[PDB]
Amino acid sequence: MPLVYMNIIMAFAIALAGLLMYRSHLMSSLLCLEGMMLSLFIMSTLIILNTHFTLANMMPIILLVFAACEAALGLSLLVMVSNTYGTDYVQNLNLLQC
Amino acid sequence: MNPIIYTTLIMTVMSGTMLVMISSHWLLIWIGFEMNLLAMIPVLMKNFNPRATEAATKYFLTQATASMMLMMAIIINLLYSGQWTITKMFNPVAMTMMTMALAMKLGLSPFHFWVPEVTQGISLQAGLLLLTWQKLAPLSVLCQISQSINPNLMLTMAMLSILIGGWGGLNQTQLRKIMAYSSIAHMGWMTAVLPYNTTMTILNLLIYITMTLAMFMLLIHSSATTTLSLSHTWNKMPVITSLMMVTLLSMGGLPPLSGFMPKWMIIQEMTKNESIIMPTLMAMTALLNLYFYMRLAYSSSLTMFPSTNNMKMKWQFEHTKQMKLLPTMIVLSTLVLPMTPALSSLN
Amino acid sequence: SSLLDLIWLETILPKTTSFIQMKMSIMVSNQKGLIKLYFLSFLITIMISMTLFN
Amino acid sequence: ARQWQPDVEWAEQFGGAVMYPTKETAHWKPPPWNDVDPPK
Amino acid sequence: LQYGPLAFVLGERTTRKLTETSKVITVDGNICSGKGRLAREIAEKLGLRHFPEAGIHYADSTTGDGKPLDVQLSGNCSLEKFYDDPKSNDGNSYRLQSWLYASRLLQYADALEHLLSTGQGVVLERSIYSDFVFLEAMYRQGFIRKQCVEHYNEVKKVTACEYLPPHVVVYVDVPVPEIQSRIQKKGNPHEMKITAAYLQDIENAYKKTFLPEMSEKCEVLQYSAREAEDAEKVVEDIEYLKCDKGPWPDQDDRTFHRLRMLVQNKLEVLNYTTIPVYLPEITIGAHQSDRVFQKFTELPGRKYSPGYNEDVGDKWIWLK
Amino acid sequence: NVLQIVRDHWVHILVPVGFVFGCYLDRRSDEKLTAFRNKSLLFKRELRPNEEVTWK
Amino acid sequence: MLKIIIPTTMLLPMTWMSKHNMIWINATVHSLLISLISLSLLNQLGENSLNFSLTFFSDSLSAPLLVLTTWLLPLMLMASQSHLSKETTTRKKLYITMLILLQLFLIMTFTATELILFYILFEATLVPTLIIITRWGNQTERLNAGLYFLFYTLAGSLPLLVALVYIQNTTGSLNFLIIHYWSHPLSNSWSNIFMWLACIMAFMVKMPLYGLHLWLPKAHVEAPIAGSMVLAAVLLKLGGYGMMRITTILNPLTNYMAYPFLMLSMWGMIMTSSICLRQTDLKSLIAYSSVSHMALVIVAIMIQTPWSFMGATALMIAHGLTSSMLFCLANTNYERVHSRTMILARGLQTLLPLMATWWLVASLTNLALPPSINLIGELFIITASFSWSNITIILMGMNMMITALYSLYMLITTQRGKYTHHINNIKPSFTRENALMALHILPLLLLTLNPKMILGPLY
Amino acid sequence: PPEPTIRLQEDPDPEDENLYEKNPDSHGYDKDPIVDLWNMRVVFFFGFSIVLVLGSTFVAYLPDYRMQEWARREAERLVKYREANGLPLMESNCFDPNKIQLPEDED
Ligand SMILES: CCCCCCCCCCCCCCCCC[C@@H](O)O[C@H](CO[C@H](O)CCCCCCCCCCCCCCC)COP(=O)(O)OCC[N+](C)(C)C
Ligand SMILES: CCCCCCCCCCCCCCCCC[C@@H](O)O[C@H](CO[C@H](O)CCCCCCCCCCCCCCC)COP(=O)(O)OCC[N+](C)(C)C
Ligand SMILES: CCCCCCCCCCCCCCCCC[C@@H](O)O[C@H](CO[C@H](O)CCCCCCCCCCCCCCC)COP(=O)(O)OCC[N+](C)(C)C
Ligand SMILES: CCCCCCCCCCCCCCCCC[C@@H](O)O[C@H](CO[C@H](O)CCCCCCCCCCCCCCC)COP(=O)(O)OCC[N+](C)(C)C
Ligand SMILES: CCCCCCCC/C=C\CCCCCCCC(=O)O[C@H](COC(=O)CCCCCCC/C=C/CCCCCCCC)COP(=O)(O)OCCN
Ligand SMILES: Nc1ncnc2c1ncn2[C@@H]1O[C@H](COP(=O)(O)OP(=O)(O)O)[C@@H](O)[C@H]1O
């Protein structure tokens, strides 16, 4: 296992930690999700190209498409939150509680 | 929304779950999960309001994080063994991460925090669909790789889920949060027998789905969300309160009602593998579920709470819409203990 | 009658159980609904399972 | 000569946001009867 | 084939039936005014359907036989007792007010259902809107407490946040001495006990609050006692004005379908009229509720569903 | 009155009918445990000339 | 056995299709008829059992309890006929349905050739009882009483399920015949100690043992009359029956694992007998008397000698009948008085002489007077415990003296003395109550003629 | 404080209805005299007459399946045989020694 894969997994872990930290600005949470997705794309592309698994070259593109769709969905939700509160601070979503 | 669009979204949710269950490729399973998540969001937001929007965004964040973790686990498994088929994981780290992803998707503790709030924000119909249908894909995936899952992680997460559900159900007053904690506890019960016998997992899933479908249909029939709104029901439809109390007793594990069949059977299986302490602990913990079910039954049917004058007008009107399969659900969730051996059908 | 049956036998088995379960229910169910704390706990449990169960 | 049945005082115990009220949750408010909040 | 999502899927579109003549109109006036006579004339001339003002026994008219039931089984309140003893110790005033408000809500739901199902418009007396003026009159005179108006406001907001306000508001203005003279001429033994302050509070609660709120979002036709006699001018005014400020133009086929699903199935309409807030005026003990419900069940056509009553005369019971 | 008391006293026949049904079911269930009839090492008996089974 | 189970099931459709004013008559008549059918089971043989089929078997231990269970239901109906006068037809039919379901579950429990089926019905007997207690109860504490009764039982009985499935996994069968024939000694180990505790605690909690009896006074006080009699007469015997059935596999561990329970019972009998002396309530006093008698039965079962078992069975039947009679009498007093306090109504013997006679007979029977079966069981247990150790006689004699004291205190406070002046609604006793007392007491004085029918399999 | 001091609307607690006042010879069974009388009749007939007497006689005359007289006769025959032939009555060993095999110790 070379250092490139280690660095890519480190980037994914850092992006996951950033997503889970949640300072504010839900847009930052979406950005962290998409950074995780980009790391996934890079890692999968490297793994598939290294082993000459030809028929698997479809996998990254497909992945990207679906993930981008999710991003769009997320953005929509974010917009509605702002339209109800005027801003997208995370701490405003406290009506529902355990 | 338009009825055609609602039907299309429901078909898409079911198609995503079917694709997850009938596929032998990790990428196709991930695609099915993504389709399910994509089509499930508007179902939560059918009745537009700030609470529904907040619940939907919490659900989306949790599901997206779980899906990303699942894809990372798939990538690592592919890296350490160039296999796409859903079989032995061939890696410990990939198995651990996939177990966390499926726990996030299911709602097992400590990833359980989103379930009560999402259930509370969204409507009864949305909640009913979320509570029962969503469980089928992650549970199928877990059953398909049960030979590779680490018993320690699954067992400790199941024990924590049972404890958390039992403790959190005591405090809640709204019925939707009680149902969310009940679901958490039932899934803690159900995932504990995955390493040993998946047939018991499927049987518990079927019994739990029947019970919660019956209870949610009863709650929809008598349009009650809080405890007092349910207490008012006896003045109009006492039969509904009686049936709800019987179903609540069944859901607590009281024999000879149907809800005793899974727990008992599950215990039996864990006794075959020389696991004695854990089944005892889970039984004494399910006593808490029984307690808050009994409190709800006391509030609803066994005592007559004060009514209101305007309720007189409700005596003159009948329920215009009748939901089919409610009597069947009640009967299946209450009086099917004597047919326990039918579980050999590998249901 | 009073000291054993009505006071201490009640205190040992039923009352202690009731008090402990009430305290645990209050502790568990008291969540402000912030997803910041939820996801911080998610990160903590991910780290704990990664370093402990392997 | 009459079987006791719950009155208003007994029913108000379950009317709160959560059971077993504490100092922290004394200021919590029950959700609205319909799941709609004021637009403010 | 009752209306449902399937009917909407195939053929049932309610935007086709509306032909600019629907124009749900509420005729509102002070106690013992000429509005009732006026409302009937407007419905006759415009071809609409007139709905008589909802009383204590309005709901009894639409369910089973139209014959009203006993006062104990429907309303548990009386208007004559309110007039005789406005400060009655047993909280008759609020019980009357709530029963009347819920009856008006049911009538509004029925009118909207008829309008959406047929396309023919409706004419109404005092609706759910403008019903709060009686509550204000009671409260300012001291008949009811503050918690009373708080509960009424909660129920009203929850129930009325889901209905379309009427197209046109017609108001008949009558001075207090004139209506006092009309009341004296009426001869109803309980009505001369109405104080002048009560009528003044009703009138100024009408004018100060209800009228501007309707004006800002609808059309208001303030008419005096004389000019309201000539229904021809009223109808001409109704035709001349054009509705372009309310939510009605913004409604589409989907929103109309949702509203039509809401107006039928009266249980959801009345769902929030019995919210679990325990005021002493409206709450009923367990024993009283049990006894009254048991007595209600013994009524001829009330034990079972409408079509499954043997004593009434329904046949073929074992095959329905 | 015949055909009139029946509509009010038909419920009385339920319990005795249940008793008879239970007796019949008990005999039928006993018919399934004849794997050792007249084969017990203690009550092993030679059959009578006009006897086919030791017990029913 | 189905000749008994099937008519009990048919009692339900019989009740539900009866006329609105004839449910009590039909239920009583057919319950009595069912009891006559159950009488045939009493003719046990010195050999193994009456093995009816693969699912049900009857012994000479199950026969007396089954006959008592089938006999109790008509008395429960006659007792409940009083306070259900102002009840709607549907609720009265539901009450009779609950009683019938309770009887059916008990009948299926007492035979139950397999231990898992026995456990399933043993816990099934808990739902109708809880519904009866929490629904048709007068006081506002019926809810707490129902919760206590449910949880005290279920917490004890939940480890029993695990123990039973473990035994099935190792032994291979839970049929009682196979269990008895293939029994093997239990080695002295921590695992075997905890198996013993799991298998014993579930039945000791229901008996109840001293220290776990807190649920019984609440359940007996807050329940209606029928619930009180079914709790005191039959539901307490489930624990003892299960313990005498299951102690066949716990040897020889019991030889030293019985010490804590023996000491607890032999001291709690004295404690509860003393508690009975200073009591402001009648039903609470009777409940504590039941606790004392059941503690004596616990001692007898734990001694594990033939005389112990014979005395235990005799005391079970006798205490069931006596406690049912005492609860009946207390309910008849409470219906007129509407207070349920011992010293509020006094000198009732001057106003109701025949009820005073019934009170005297019930107190004498509770006092363990010879030659009633109460004293037969008492004396058998005393002799067996004396053989166990010569010092038990001190505790047993103290219990006997205190029992006599509180029984005669109960009789004297409510019957003798000057009547209370400000009570003028003591109507003459109906024929229903007199018939109820007669049907309670005559079987006791009849069974004293044929003791061998209630002395168990070790006779 | 214009509060009515009434917490809720409730029926007054009804007074207990005496079964004798409207119907002497009341039997304490039901308020309908005919159904009441017949309830008393069936209770007394099926409780005392049918069960308590016929069942008591049936239990009294139950056939001896416990084999008490059979055991007495067997003991009589055994005692007579053992006394006539000088055998020592009861035998100390329940099972004959020859059939039993004891593992050898050789310790
Ligand atoms: C309340 C209890 C649950 C009830 C559930 C609802 C009952 C109605 C369902 C109607 C029929 C269900 C299935 C329809 C039949 C055709 C489908 C059939 O082809 O499926 C087969 C399988 O049939 C079903 O599995 C059996 C369904 C029977 C469910 C009832 C069992 C419940 C046991 C306890 C309650 C007793 C019954 C109570 C009354 C119903 C194929 O099996 P296979 O693809 O090779 O293996 C897949 C499973 N694996 C992957 C784990 C190996
Ligand atoms: C002078 C005489 C004095 C003594 C009188 C004694 C009378 C005793 C009557 C009471 C009997 C108690 C009931 C016994 C029931 C147990 C036995 C019963 O189950 O047996 C059944 C049979 O029961 C009888 O057929 C019916 C008896 C029921 C009625 C008993 C008599 C009293 C009934 C009173 C009812 C109400 C009377 C009218 C009131 C208005 C089934 O038998 P089965 O398992 O196949 O036998 C197999 C062996 N065979 C082949 C040799 C037969
Ligand atoms: C409160 C109301 C009543 C509830 C029920 C009361 C009954 C429960 C009591 C349990 C019965 C006895 C338990 C253990 C008996 C074994 C004997 C042992 O205790 O004695 C010594 C054991 O030494 C110590 O006792 C070790 C155990 C110490 C820890 C146990 C807790 C003691 C106090 C806790 C009391 C709490 C009871 C209630 C809990 C809720 C002998 O030492 P040793 O010969 O080498 O070991 C014998 C066992 N072998 C042969 C298998 C190896
Ligand atoms: C009111 C004033 C008094 C008037 C009355 C005057 C008359 C006096 C008579 C009262 C008692 C006097 C004693 C006379 C006793 C003689 C009868 C006795 O000897 O018979 C007994 C027989 O009685 C019965 O065995 C006892 C009754 C059976 C108990 C069943 C109860 C009835 C069912 C009700 C439900 C039970 C609920 C509890 C379930 C366990 C003993 O039987 P046994 O000496 O051997 O031999 C019988 C004949 N053999 C040789 C052919 C065998
Ligand atoms: C009214 C309230 C009463 C509460 C009663 C609760 C206490 C009941 C007694 C303990 C219950 C649990 C016992 C477990 C069930 C028996 C199963 C069994 O026997 O299997 C043992 C297993 O034994 C155990 O696992 C016991 C672990 C106990 C864990 C739970 C502890 C519960 C509380 C313990 C103390 C309670 C004792 C006194 C209670 C008094 C009542 C309050 C054999 O183990 P193997 O795997 O086969 O080993 C063979 C190879 N060497
Ligand atoms: N909310 C209410 N509270 C009290 N009384 C009401 C209420 N609503 C309607 N009423 C009564 O309805 C009666 C009829 O109203 P009104 O229009 O003034 O007379 P008319 O129908 O003859 O024109 C009035 O006597 C009025 O008091």
# chains A, B, ... in the order shown; residues from 1 in each chain; ligands from 1
call {"tool": "residues_around", "arguments": {"residues": "stretch 31-40 of chain C", "least_positions_apart": "6", "cutoff": "6 Å", "atoms": "only C-alpha atoms", "output": "ChimeraX atom specification"}}
result
/A:20-22,94,96-98
call {"tool": "write_last_selection", "arguments": {"atoms": "N, CA, C and O atoms", "output": "CSV table (one decimal), in the first residue's frame"}}
result
chain,number,residue,atom,x,y,z
A,20,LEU,N,-18.2,16.5,10.7
A,20,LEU,CA,-18.8,16.2,12.0
A,20,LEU,C,-18.5,17.2,13.1
A,20,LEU,O,-19.1,17.2,14.2
A,21,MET,N,-17.6,18.2,12.8
A,21,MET,CA,-17.3,19.2,13.8
A,21,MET,C,-18.5,20.2,14.0
A,21,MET,O,-18.8,20.5,15.1
A,22,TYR,N,-19.0,20.7,12.9
A,22,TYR,CA,-20.2,21.5,12.9
A,22,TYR,C,-20.1,22.8,13.7
A,22,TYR,O,-20.7,23.0,14.8
A,94,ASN,N,-33.4,23.7,16.2
A,94,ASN,CA,-33.6,23.2,17.5
A,94,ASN,C,-35.0,23.0,18.0
A,94,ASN,O,-35.3,22.9,19.1
A,96,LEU,N,-37.1,20.5,17.1
A,96,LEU,CA,-37.2,19.1,17.4
A,96,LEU,C,-36.1,18.7,18.4
A,96,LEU,O,-34.9,19.0,18.1
A,97,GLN,N,-36.4,18.0,19.4
A,97,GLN,CA,-35.5,17.6,20.4
A,97,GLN,C,-35.9,16.2,21.0
A,97,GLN,O,-37.0,15.8,20.9
A,98,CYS,N,-34.9,15.5,21.5
A,98,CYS,CA,-35.1,14.2,22.1
A,98,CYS,C,-35.9,14.3,23.4
A,98,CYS,O,-36.3,13.3,24.0
call {"tool": "residues_around", "arguments": {"residues": "stretch 11-28 of chain D", "least_positions_apart": "5", "cutoff": "9 Å", "atoms": "only C-alpha atoms", "output": "list in words"}}
result
residues 170, 171, 172, 173, 174, 226, 227, 228, 299, 305 and 306 of chain B; 22, 26 and 30 of chain C; 6 of chain D; 276, 277 and 278 of chain E
call {"tool": "write_last_selection", "arguments": {"atoms": "N, CA and C atoms", "output": "mmCIF file, in the first residue's frame"}}
result
data_model
loop_
_atom_site.group_PDB
_atom_site.id
_atom_site.type_symbol
_atom_site.label_atom_id
_atom_site.label_comp_id
_atom_site.auth_asym_id
_atom_site.auth_seq_id
_atom_site.Cartn_x
_atom_site.Cartn_y
_atom_site.Cartn_z
ATOM 1 N N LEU B 170 -39.343 6.223 28.565
ATOM 2 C CA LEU B 170 -40.057 6.543 29.797
ATOM 3 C C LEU B 170 -40.447 8.013 29.851
ATOM 4 N N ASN B 171 -39.553 8.899 29.417
ATOM 5 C CA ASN B 171 -39.753 10.332 29.588
ATOM 6 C C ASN B 171 -40.758 10.924 28.610
ATOM 7 N N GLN B 172 -40.830 10.408 27.387
ATOM 8 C CA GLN B 172 -41.567 11.076 26.325
ATOM 9 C C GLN B 172 -43.068 11.061 26.579
ATOM 10 N N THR B 173 -43.736 12.120 26.122
ATOM 11 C CA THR B 173 -45.187 12.242 26.173
ATOM 12 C C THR B 173 -45.832 12.139 24.798
ATOM 13 N N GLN B 174 -45.243 12.762 23.781
ATOM 14 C CA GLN B 174 -45.765 12.636 22.427
ATOM 15 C C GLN B 174 -45.649 11.197 21.944
ATOM 16 N N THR B 226 -50.494 13.684 20.896
ATOM 17 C CA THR B 226 -50.057 13.697 22.282
ATOM 18 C C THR B 226 -50.854 12.683 23.095
ATOM 19 N N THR B 227 -50.425 12.487 24.342
ATOM 20 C CA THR B 227 -51.055 11.484 25.194
ATOM 21 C C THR B 227 -52.493 11.857 25.537
ATOM 22 N N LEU B 228 -52.751 13.134 25.822
ATOM 23 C CA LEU B 228 -54.099 13.547 26.202
ATOM 24 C C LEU B 228 -55.066 13.452 25.028
ATOM 25 N N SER B 299 -53.377 5.449 30.515
ATOM 26 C CA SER B 299 -53.899 6.739 30.082
ATOM 27 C C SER B 299 -55.011 6.592 29.053
ATOM 28 N N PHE B 305 -60.442 9.396 31.131
ATOM 29 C CA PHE B 305 -60.011 10.760 31.379
ATOM 30 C C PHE B 305 -61.155 11.739 31.126
ATOM 31 N N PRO B 306 -61.080 12.942 31.697
ATOM 32 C CA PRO B 306 -62.121 13.942 31.435
ATOM 33 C C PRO B 306 -62.215 14.275 29.955
ATOM 34 N N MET C 22 -35.801 6.514 36.658
ATOM 35 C CA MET C 22 -36.195 7.897 36.414
ATOM 36 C C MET C 22 -34.980 8.769 36.124
ATOM 37 N N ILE C 26 -34.226 10.679 32.569
ATOM 38 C CA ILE C 26 -34.003 12.120 32.506
ATOM 39 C C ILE C 26 -32.669 12.420 31.838
ATOM 40 N N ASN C 30 -32.737 14.040 27.745
ATOM 41 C CA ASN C 30 -32.484 15.481 27.774
ATOM 42 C C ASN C 30 -31.436 15.827 26.721
ATOM 43 N N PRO D 6 -60.118 9.441 36.671
ATOM 44 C CA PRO D 6 -59.215 10.596 36.703
ATOM 45 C C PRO D 6 -59.950 11.906 36.472
ATOM 46 N N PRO E 276 -56.988 19.310 24.138
ATOM 47 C CA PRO E 276 -56.995 18.973 25.576
ATOM 48 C C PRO E 276 -56.492 20.107 26.463
ATOM 49 N N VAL E 277 -57.272 21.180 26.529
ATOM 50 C CA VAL E 277 -57.090 22.236 27.517
ATOM 51 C C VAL E 277 -58.334 22.258 28.391
ATOM 52 N N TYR E 278 -58.136 22.179 29.702
ATOM 53 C CA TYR E 278 -59.219 21.881 30.635
ATOM 54 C C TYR E 278 -59.716 23.171 31.278
#
call {"tool": "residues_near_ligand", "arguments": {"ligand": "ligand 1", "cutoff": "6 Å", "atoms": "only C-alpha atoms and all ligand atoms", "output": "PyMOL selection string"}}
result
chain B and resi 206-207+332-333+336+339-340+342-343+345-347
call {"tool": "write_last_selection", "arguments": {"atoms": "N, CA and C atoms", "output": "mmCIF file, in the first residue's frame"}}
result
data_model
loop_
_atom_site.group_PDB
_atom_site.id
_atom_site.type_symbol
_atom_site.label_atom_id
_atom_site.label_comp_id
_atom_site.auth_asym_id
_atom_site.auth_seq_id
_atom_site.Cartn_x
_atom_site.Cartn_y
_atom_site.Cartn_z
ATOM 1 N N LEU B 206 -40.442 -9.106 10.791
ATOM 2 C CA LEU B 206 -41.826 -9.232 10.344
ATOM 3 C C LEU B 206 -42.800 -8.939 11.478
ATOM 4 N N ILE B 207 -42.540 -9.498 12.661
ATOM 5 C CA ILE B 207 -43.447 -9.289 13.787
ATOM 6 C C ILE B 207 -43.471 -7.820 14.191
ATOM 7 N N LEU B 332 -52.811 -10.385 13.245
ATOM 8 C CA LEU B 332 -51.479 -10.945 13.061
ATOM 9 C C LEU B 332 -50.523 -10.507 14.158
ATOM 10 N N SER B 333 -50.739 -9.333 14.739
ATOM 11 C CA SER B 333 -49.872 -8.848 15.801
ATOM 12 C C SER B 333 -50.340 -9.262 17.185
ATOM 13 N N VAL B 336 -50.997 -14.856 16.917
ATOM 14 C CA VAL B 336 -50.291 -15.794 16.052
ATOM 15 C C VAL B 336 -49.214 -16.576 16.792
ATOM 16 N N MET B 339 -48.936 -20.542 16.041
ATOM 17 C CA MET B 339 -48.285 -20.893 14.786
ATOM 18 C C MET B 339 -46.820 -20.477 14.757
ATOM 19 N N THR B 340 -46.145 -20.520 15.903
ATOM 20 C CA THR B 340 -44.725 -20.180 15.943
ATOM 21 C C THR B 340 -43.856 -21.053 15.043
ATOM 22 N N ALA B 342 -44.049 -22.082 12.182
ATOM 23 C CA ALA B 342 -44.018 -21.650 10.789
ATOM 24 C C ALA B 342 -42.785 -20.817 10.465
ATOM 25 N N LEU B 343 -42.021 -20.400 11.478
ATOM 26 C CA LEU B 343 -40.772 -19.697 11.227
ATOM 27 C C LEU B 343 -39.771 -20.570 10.489
ATOM 28 N N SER B 345 -40.313 -21.730 7.749
ATOM 29 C CA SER B 345 -40.451 -21.344 6.353
ATOM 30 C C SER B 345 -39.314 -20.459 5.870
ATOM 31 N N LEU B 346 -38.336 -20.161 6.727
ATOM 32 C CA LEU B 346 -37.236 -19.257 6.401
ATOM 33 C C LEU B 346 -37.777 -17.929 5.884
ATOM 34 N N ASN B 347 -38.814 -17.446 6.561
ATOM 35 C CA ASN B 347 -39.520 -16.227 6.190
ATOM 36 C C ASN B 347 -38.593 -15.039 5.958
#
call {"tool": "residues_near_ligand", "arguments": {"ligand": "ligand 4", "cutoff": "6 Å", "atoms": "only C-alpha atoms and all ligand atoms", "output": "VMD selection string"}}
result
(chain G and resid 64 67 to 68 71 443 446 to 447 449 to 450) or (chain H and resid 52 55 to 56 59 to 61)
call {"tool": "write_last_selection", "arguments": {"atoms": "N, CA, C and O atoms", "output": "PDB file, in the first residue's frame"}}
result
ATOM      1  N   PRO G  64     -56.692 -31.822  42.767  1.00  0.00           N
ATOM      2  CA  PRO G  64     -57.395 -30.933  43.707  1.00  0.00           C
ATOM      3  C   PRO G  64     -57.375 -29.480  43.279  1.00  0.00           C
ATOM      4  O   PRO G  64     -58.390 -28.784  43.402  1.00  0.00           O
ATOM      5  N   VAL G  67     -59.887 -29.014  40.458  1.00  0.00           N
ATOM      6  CA  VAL G  67     -61.266 -29.010  40.936  1.00  0.00           C
ATOM      7  C   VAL G  67     -61.583 -27.695  41.635  1.00  0.00           C
ATOM      8  O   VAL G  67     -62.658 -27.117  41.439  1.00  0.00           O
ATOM      9  N   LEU G  68     -60.652 -27.196  42.451  1.00  0.00           N
ATOM     10  CA  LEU G  68     -60.865 -25.915  43.120  1.00  0.00           C
ATOM     11  C   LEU G  68     -60.977 -24.775  42.114  1.00  0.00           C
ATOM     12  O   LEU G  68     -61.821 -23.884  42.266  1.00  0.00           O
ATOM     13  N   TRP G  71     -64.319 -24.941  40.497  1.00  0.00           N
ATOM     14  CA  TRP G  71     -65.377 -24.633  41.452  1.00  0.00           C
ATOM     15  C   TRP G  71     -65.433 -23.153  41.798  1.00  0.00           C
ATOM     16  O   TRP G  71     -66.497 -22.651  42.170  1.00  0.00           O
ATOM     17  N   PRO G 443     -67.780 -27.381  51.284  1.00  0.00           N
ATOM     18  CA  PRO G 443     -66.707 -28.244  50.767  1.00  0.00           C
ATOM     19  C   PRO G 443     -65.573 -28.485  51.748  1.00  0.00           C
ATOM     20  O   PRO G 443     -64.981 -29.567  51.716  1.00  0.00           O
ATOM     21  N   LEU G 446     -66.717 -31.052  54.162  1.00  0.00           N
ATOM     22  CA  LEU G 446     -66.872 -32.318  53.461  1.00  0.00           C
ATOM     23  C   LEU G 446     -65.528 -32.964  53.152  1.00  0.00           C
ATOM     24  O   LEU G 446     -65.392 -34.187  53.256  1.00  0.00           O
ATOM     25  N   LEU G 447     -64.530 -32.165  52.778  1.00  0.00           N
ATOM     26  CA  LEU G 447     -63.200 -32.691  52.512  1.00  0.00           C
ATOM     27  C   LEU G 447     -62.518 -33.180  53.774  1.00  0.00           C
ATOM     28  O   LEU G 447     -61.617 -34.019  53.688  1.00  0.00           O
ATOM     29  N   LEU G 449     -63.693 -35.207  55.648  1.00  0.00           N
ATOM     30  CA  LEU G 449     -64.075 -36.610  55.740  1.00  0.00           C
ATOM     31  C   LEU G 449     -63.228 -37.517  54.859  1.00  0.00           C
ATOM     32  O   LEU G 449     -63.080 -38.703  55.169  1.00  0.00           O
ATOM     33  N   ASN G 450     -62.674 -36.994  53.769  1.00  0.00           N
ATOM     34  CA  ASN G 450     -61.876 -37.773  52.823  1.00  0.00           C
ATOM     35  C   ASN G 450     -60.572 -37.038  52.545  1.00  0.00           C
ATOM     36  O   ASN G 450     -60.365 -36.504  51.448  1.00  0.00           O
TER      37      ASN G 450
ATOM     38  N   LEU H  52     -73.039 -30.439  44.993  1.00  0.00           N
ATOM     39  CA  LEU H  52     -72.560 -30.672  46.352  1.00  0.00           C
ATOM     40  C   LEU H  52     -72.992 -32.025  46.905  1.00  0.00           C
ATOM     41  O   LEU H  52     -72.359 -32.534  47.835  1.00  0.00           O
ATOM     42  N   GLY H  55     -72.079 -35.037  43.444  1.00  0.00           N
ATOM     43  CA  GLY H  55     -70.635 -35.100  43.331  1.00  0.00           C
ATOM     44  C   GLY H  55     -69.974 -35.640  44.583  1.00  0.00           C
ATOM     45  O   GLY H  55     -68.986 -36.375  44.505  1.00  0.00           O
ATOM     46  N   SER H  56     -70.503 -35.284  45.755  1.00  0.00           N
ATOM     47  CA  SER H  56     -69.961 -35.827  46.996  1.00  0.00           C
ATOM     48  C   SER H  56     -70.133 -37.337  47.055  1.00  0.00           C
ATOM     49  O   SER H  56     -69.209 -38.059  47.445  1.00  0.00           O
ATOM     50  N   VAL H  59     -67.637 -38.946  44.602  1.00  0.00           N
ATOM     51  CA  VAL H  59     -66.284 -38.999  45.148  1.00  0.00           C
ATOM     52  C   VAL H  59     -66.198 -40.036  46.261  1.00  0.00           C
ATOM     53  O   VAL H  59     -65.180 -40.721  46.411  1.00  0.00           O
ATOM     54  N   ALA H  60     -67.261 -40.171  47.054  1.00  0.00           N
ATOM     55  CA  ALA H  60     -67.255 -41.139  48.145  1.00  0.00           C
ATOM     56  C   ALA H  60     -67.143 -42.564  47.625  1.00  0.00           C
ATOM     57  O   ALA H  60     -66.453 -43.399  48.221  1.00  0.00           O
ATOM     58  N   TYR H  61     -67.815 -42.865  46.514  1.00  0.00           N
ATOM     59  CA  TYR H  61     -67.878 -44.213  45.967  1.00  0.00           C
ATOM     60  C   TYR H  61     -66.927 -44.415  44.796  1.00  0.00           C
ATOM     61  O   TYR H  61     -67.169 -45.274  43.943  1.00  0.00           O
TER      62      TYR H  61
END
